[PDB]
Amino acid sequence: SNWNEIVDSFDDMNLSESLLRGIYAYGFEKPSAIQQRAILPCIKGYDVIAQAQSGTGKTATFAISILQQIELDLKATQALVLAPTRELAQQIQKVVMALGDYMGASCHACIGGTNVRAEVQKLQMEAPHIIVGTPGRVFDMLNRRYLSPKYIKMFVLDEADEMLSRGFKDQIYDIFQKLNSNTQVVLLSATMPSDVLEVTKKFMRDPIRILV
């Protein structure tokens, strides 16, 4: 908690009317504390570290921030989100697509249960505004030059401790090698072990730290 402003309403969060409509249609009313504290400076582009439990409304935070950040007329990948598992990545994609039902943004899921060829052809047809998936598959697509880091300004790490527990450290660092240096970084993690803190120290600059 090193940031002052806290906003108790989505209506004051300076969001586009499309995103707001998507939010209220999805089933949300008033933002939980984490959103109230973290959403605005995340849209502003600051590096952000959030430490909250799984079930405090973590997803909707960076979902809203990303969806608001996206330049829709730019038909290229602009946001990259990592998740420890396939199911979680699919869940995040579902949430993002649900909150952006009125916007017109695209969200693709990089999971390892899919056929590489067809997925690549889909990418050839359209470079998704938002990619969300597992570190290994995401890095696979980055390394094979199928996913471009050129327009990626957002890098979200959902449940970092989980990804590191499952041994995605190498992949995360490799993706850091792939992405541009000016890329905004946002990390979410319930626990803060040495490796998480090490990543945040290495790649983030002047972050907004929030504890719930």
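In this text, residue numbers run from 1 along the sequence as written.
K.L.:
Averaging C-alpha B-factors over each stretch, which comes out higher, 140 to 148 or 60 to 68?
P.N.:
The stretch with the larger mean CA B-factor is 60 to 68.
K.L.:
State which stretch shows the higher mean Cα B factor in the entry: 20 to 28 or 193 to 201.
P.N.:
It is 20 to 28.
K.L.:
Out of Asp73, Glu119, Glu126, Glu87, which shows the largest CA B-factor listed in the entry?
P.N.:
Of the candidates given, the C-alpha B-factor peaks at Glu87.
K.L.:
If you compare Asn182, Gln171, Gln177, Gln36, which has the highest Cα B-factor in the entry?
P.N.:
Result of the comparison over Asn182, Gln171, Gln177, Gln36: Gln36.
K.L.:
Give the position of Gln93 by CA B-factor within its chain, expressed as the lowest, middle or highest third.
P.N.:
Middle third, going by the recorded CA B-factors of the chain.
K.L.:
Sorting the chain's CA B-factors, does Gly104 end up in the lowest, middle or highest third?
P.N.:
As the PDB entry reports it, the C-alpha B-factor of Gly104 lands in the middle third of its chain.
K.L.:
Splitting the chain's C-alpha B-factors into thirds, which one does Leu40 fall into?
P.N.:
According to the entry, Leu40 has a C-alpha B-factor in the chain's highest third.
K.L.:
Considering only modelled residues of the same chain, in which third does the CA B-factor of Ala52 rank: lowest, middle or highest?
P.N.:
Tercile = highest for this residue's CA B-factor.
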